[PDB]
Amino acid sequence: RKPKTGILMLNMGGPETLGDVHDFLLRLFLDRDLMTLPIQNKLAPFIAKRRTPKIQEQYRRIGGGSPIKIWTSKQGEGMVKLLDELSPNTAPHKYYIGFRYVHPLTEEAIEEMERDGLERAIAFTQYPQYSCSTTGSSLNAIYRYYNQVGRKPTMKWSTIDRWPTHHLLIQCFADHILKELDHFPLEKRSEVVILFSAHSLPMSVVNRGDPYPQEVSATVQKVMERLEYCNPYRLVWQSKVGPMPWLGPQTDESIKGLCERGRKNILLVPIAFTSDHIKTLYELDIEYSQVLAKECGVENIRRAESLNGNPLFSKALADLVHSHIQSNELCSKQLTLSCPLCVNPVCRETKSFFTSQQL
């Protein structure tokens, strides 16, 4: 049966092998939508080269590359299975991987979907909380694909641009948080502090009205209500890059400060991620949970596991897509409003791409 409905899963993607680090970093640092940089065209290549070495080593420490693709596939296939059931009308569903900086690119995926004669195309961001640096960059990519070529899509487009508090996403974290707590020494459980560690963002993005911080906070809030405040929690931000100011307490300094102030049982939560990768397997698990945990004298530092293959997460993907169709909305109401202090001409256009759509 010809693929009828296509769900394009968008995420950043990551180096599969150490040989893919450099090219990945070059594209990444060249992307002005992720973050603005002085003379990006020239600085990026410079940054990519100097950085490739240590990043390659990091990828070696965790296998030789990022698992993001494998996790994304497993998730989509499960999704399709359920879609091909919940919504029998939308005939066969086919998932498509659209990584921002690694072939399977967004452009290769669009080309591919068009080549399948799909009548429906759904841009489904894998970033639950919206940032103009992530979903906004993946979306502009979709828009640009058509703009540059100068042709209109042969399919109907719609987009699930965000899903901060999907009740099934929330249940996954809460659940994962309960089996972790269950493995801390019983007499130390109620002392464990829960650190939600969301990727951080330059203050240049946050200060321009970016939606991200608020929604991550929303995700954080739902989870804790679901766990009915069983433990103290704090929202911290990780993975800062470069000299410029970035948001809220860094996770590293937070784990350190807690440790030095009496709180030595910490539970980390990948609140803004959907699978394992360098950010968890190496940064949180090795850098903080091993090295930093050791230097400060942590009694127990554990990490709630990543959604990854959790069927309940697949359940959630499909449910979101299903509700999406049923609703016939072209995008979320929030998307129809660009950042208060936006200065990216593409944004306003990418917005039309989905709002000014038919069917």
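Sequential numbering from 1, following the sequence displayed.
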Task: Mean C-alpha temperature factor, higher of 226 to 234 and 90 to 98 - done: 90 to 98
Task: 212 to 220 or 241 to 249, whichever carries the higher mean Cα B-factor - done: 241 to 249
TODO: Kindly indicate the residue among 202, 164, 150, 257 with the greatest C-alpha B-factor in the PDB record.
DONE: 150
Task: Residue with maximal Cα B-factor (values as given in the PDB entry) among 327, 310, 290, 334 - done: 327
Task: Within-chain third of residue 294 by Cα B-factor, per the entry - done: highest
Open item on the list: Which third, lowest, middle or highest, does the C-alpha temperature factor of residue 136 belong to within its own chain?
Closed with: lowest
Task: Third assignment of residue 126 from its chain's C-alpha B-factors - done: lowest
TODO: Taking the chain's C-alpha temperature factors as the reference, tell me which third residue 270 falls into: lowest, middle or highest.
DONE: lowest
Open item on the list: Where does the C-alpha B-factor of residue 170 rank in its chain, lowest, middle or highest third?
Closed with: middle
